[PDB]
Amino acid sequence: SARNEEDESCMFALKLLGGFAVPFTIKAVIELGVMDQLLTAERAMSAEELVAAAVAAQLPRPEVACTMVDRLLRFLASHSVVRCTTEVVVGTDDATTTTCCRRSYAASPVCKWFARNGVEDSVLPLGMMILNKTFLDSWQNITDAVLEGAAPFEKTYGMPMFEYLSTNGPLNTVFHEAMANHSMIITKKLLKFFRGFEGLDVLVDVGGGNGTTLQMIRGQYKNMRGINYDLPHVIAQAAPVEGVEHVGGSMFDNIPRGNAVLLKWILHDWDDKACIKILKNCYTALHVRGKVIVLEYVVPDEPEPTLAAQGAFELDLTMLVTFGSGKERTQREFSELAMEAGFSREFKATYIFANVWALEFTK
């Protein structure tokens, strides 16, 4: 009992230190093409069967590849990421790590989110960014960054992340593909569950990229016109989109005038002082009865041990790593920034999807 408490404590400590193993194993199973074979399978498949289906090339050590994949999948099975069944081996099977016993694996429902197909909703492009080595290396440098009051990313690479992307075309692509993926999913869910675009004549999308988000919204709200507001080098590359003015500039200088401003994953990149500048520009830009629509996660008031709360605090540490002073906020924190920027004590919150809320502040 006391023996067992000591034992359980030590095992929990080791579990806490080893949490990187699941993500890194999933990454390999995806990259090998094995996850996609699980996703299109009609039945449970052995590691040998999955390797044969995923990998076109002749392998130099095919049995060793098979036994390594078996071990990767066994581990994922113990975490319920895949389903496993075990059958007795008749004869010799060198493609299982256990001579006696052959495992076959099937996808769990969660695995659809790892689809490379793209056809239904997947978060694989976002996951490619989450586990990108460039970004992961920053997490090893938190200590020194904290002692300097700096972003771990900047301590690691010597410049802010957004500048770094200008210097690294491949990472720039990873980052933009991740953002576009998350944006597509959230915009679809917004159109299903959120009613705050009703009645709007003009929506200003800050960071609107090539105008795809506005295009999708305008598709549900045919009367609405859009202002796609983004940096000049972005706006330069945007093709014409029906009903949308592409406008270049900086949101710290000015925001175009409209009936609502959309801020999707913008404010969490910035400290309070910077957020108040943005929101003051929103305030001055809006017409009366106008709204800022903020699409962000919302951290709870206290550190609750729920899946949703842990997710929000994990994004907070991602913002800490990436930006230092970027951060996730509580509902109260968002309201306080809004009030500092001049908005009224009128607050709407609508839950959208995957920890994202739509928060609305009104002039």
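Note that residue numbering begins at 1 and tracks the sequence as displayed.
Chemist: Is the mean CA B factor in the deposited entry higher across 84-92 or across 154-162?
Modeler: Mean C-alpha B-factor is greater for 84-92.
Chemist: So, looking at the entry's B-factor column for Cα atoms, which has the higher mean, 282-290 or 201-209?
Modeler: Stretch with the higher mean C-alpha B-factor: 282-290.
Chemist: Going by the deposited entry, which of 79, 116, 71, 182 has the highest CA temperature factor?
Modeler: The C-alpha B-factor peaks, among 79, 116, 71, 182, at 116.
Chemist: Take the CA temperature factors straight from the PDB entry and tell me which of 259, 143, 104, 168 peaks.
Modeler: Reading the PDB entry, the winner on C-alpha B-factor is 168.
Chemist: Pull the Cα B-factor of residue 188 out of the PDB entry and bin it into the chain's lowest, middle or highest third.
Modeler: CA B-factor rank for residue 188: middle third.
Chemist: By its CA B factor, does residue 275 count among the lowest, middle or highest third of the modelled residues in the chain?
Modeler: Middle third.
Chemist: Determine, from the deposited record, the chain-internal third of the Cα B-factor for residue 51: lowest, middle or highest.
Modeler: As the PDB entry reports it, the C-alpha B-factor of residue 51 lands in the middle third of its chain.
Chemist: Which third of the chain does residue 315 land in by C-alpha B-factor: lowest, middle or highest?
Modeler: Ranked within chain, residue 315 CA B lands in the lowest tercile.
Chemist: Just say lowest, middle or highest third for the CA B-factor of residue 332 relative to the other modelled residues in its chain.
Modeler: It falls in the middle third of the chain.
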